[PDB]
Each structure stands twice: as C-alpha cells, then as structure tokens.
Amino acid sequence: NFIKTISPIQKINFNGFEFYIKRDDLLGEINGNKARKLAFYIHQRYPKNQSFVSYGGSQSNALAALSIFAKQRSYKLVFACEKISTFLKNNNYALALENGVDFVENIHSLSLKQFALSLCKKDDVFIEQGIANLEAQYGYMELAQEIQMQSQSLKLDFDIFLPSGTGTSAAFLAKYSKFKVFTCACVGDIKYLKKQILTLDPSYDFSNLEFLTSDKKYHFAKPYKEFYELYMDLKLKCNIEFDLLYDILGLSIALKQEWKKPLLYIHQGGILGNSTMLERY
C-alpha cells in the first residue's frame, strides 16, 4: 500500500471572525513546526545507527522531536546542553530520556554550540539548535506546496500567519509561498528577529515577510491570564490545543489584526511542551 495525506485546513469562527487553521499538529508523533523542519532529514536514507548531534534546552521541542526522529529510525541522538539542574535530573526532557537520547553536559560552561560541534565526529550529522539551519527550509517548501494546492481547492487567496522564535520557519515559508506571510517576535523584538533571520541567510529578501507587533509587551515564557483563557477556550470549545509559549501569543496578535484576505493560521504543534508552562499557570 502507498498512502499519503496532507494536514487539513480547518475553519474556525472566533467572535464572528471566520479564519482557517492549517492543522500541522495532526502530522503525527512528530508534528508541527519541528516536524516541518525535520522534513529534510526524514527524506534522507542514512546508514543504520547513524549518529546525530544537536544542542539546546533540555526541555526544548526540538529535543523532543529529534528524539522521536532518531528512535523511529534506529539512529542515535547526541544532545549537548548546559549543566542540567539537579532538581530536574532527579525529577520534553522525560520523553527524550525515554527515547534514549545521549545527553552530554557543558561541564566547562563553554559556548554550547562550540561544545556541541566538537562532539561531532566524521560521519556524524550536526543539527543546529532548534534545527535553525538551511536544511529546515525543505519542509517549508513542502508546506508552501501543500498550501498552494489547498488554497486553490478552496479558491481562497490567503494571508498566512505563524509566530516566530528564531524566525527560521517563517522566513522559509515566505521564501516559497506565493501568499504573503506574517509573523511576530515571540523572543526579543522585531529588530532582533530580523537579525536572526539575516544570520541564518545573509541574502534573505524580506519582500514576502511582514512583521506584526503586539499592542502589549509580552515576555517570553511568562504566564498571562489572557493566554490561559484563550488556550482553554480553544481547547474546550474547538478541541484544538495550542502551545502556550509561541502559538497562544501568535493567535492573540493575529486575532487583533484587520485582515484584507482570508487568514490561514499555521498550527505550530508542540503541545507536549505545555507540561512546563501549565505548571506556571
């Protein structure tokens, strides 16, 4: 059997404003943003027991996604990180531990990227923190192609919105979509976000990427009453759970804009990471 699907586009009415959600949270055990970024690696056919080296937060969505990617394919994941809290060691990190990730701690408190790169032997594959690399663009070429087909099937000319951390996903979706892509800076400000994108691709053309501001300054990973309420409303009334770190801010901004085209909101997935944020709520 050959079977293929693409994530569906779902219609939602929020206080009379009808818009569309690209349900990338339904892509599978690996879903959402990091599933799109992993498309390049999933399409490769690496030798058995291939080793992968990455780094970043011990509770990060990328860690969780990479651990599943490696476990499904009998690859190995080496994950460098800052010296982990004693409390956390004894008590996404749990899922990565269960998937057999080889954690290597930055005992000498050095530059975590340099530390990680140094562990990368010949024949190992290095994957930048958060998969914030050029390889990540192929999954967003794929996402752009899916949206191209689905937009035509609906005869809708969309404006697309997705929230940013490093801006990698939004930059590459805007690179390949015919539709205008809108984003927001969940980490830092818009100046910082442009700087990250230009570090990723110094030749990047911002002609198809627009940046929206929130009318309130929200600090990354801090809890906000209005975010919890929106999260719970979307969960209880629509059975759609969103990530509380990026997507709930992104939705909050998108829902305050006046859109001149139908809006397609890209679900970022990562709801298994909500364990940590919900504790703060």
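Residue indices: 1-based, along the sequence shown.
**Student:** Could you tell me how many residues of the deposited sequence sit unmodelled between residue 91 and residue 92 (none, 1 to 3, 4 to 9, 10 or more)?
**Tutor:** 1 to 3 residues lack coordinates between residue 91 and residue 92.
**Student:** Can you tell me which stretch has the higher mean Cα B-factor, 61 to 69 or 244 to 252?
**Tutor:** On average, C-alpha B-factors are higher across 61 to 69.
**Student:** Do the C-alpha atoms of 112 to 120 or of 145 to 153 have the higher average B factor in the entry?
**Tutor:** Looking at the record's C-alpha B-factors, the answer is 112 to 120.
**Student:** Between 159, 189, 135, 105, which one tops the list for Cα B-factor in this entry?
**Tutor:** Of the candidates given, the C-alpha B-factor peaks at 105.
**Student:** Using the temperature factors in the entry, find which of 48, 237, 225, 34 has the highest value at its Cα atom.
**Tutor:** The listed residue with the largest C-alpha B-factor is 48.
**Student:** By the recorded C-alpha temperature factor, relative to the other modelled residues in its chain, which third is residue 194 in?
**Tutor:** Its C-alpha B-factor, which the entry lists for residue 194, ranks in the middle third among residues of this chain.
**Student:** Considering only modelled residues of the same chain, in which third does the CA B-factor of residue 130 rank: lowest, middle or highest?
**Tutor:** Within its chain, residue 130 is a middle-third residue by C-alpha B-factor, going by the deposited values.
**Student:** Please place residue 7 in the lowest, middle or highest third of its chain by C-alpha B factor as given in the entry.
**Tutor:** Within its chain, residue 7 is a lowest-third residue by C-alpha B-factor, going by the deposited values.
**Student:** Would you check the entry's CA temperature factor for residue 172 and let me know if it's in the chain's lowest, middle or highest third?
**Tutor:** For residue 172, the deposited C-alpha B-factor lands in the lowest third.
**Student:** Check where residue 183 lands among this chain's C-alpha B-factors and tell me if it's the lowest, middle or highest third.
**Tutor:** Lowest third - that is where residue 183 ends up once the chain's C-alpha B-factors are sorted.
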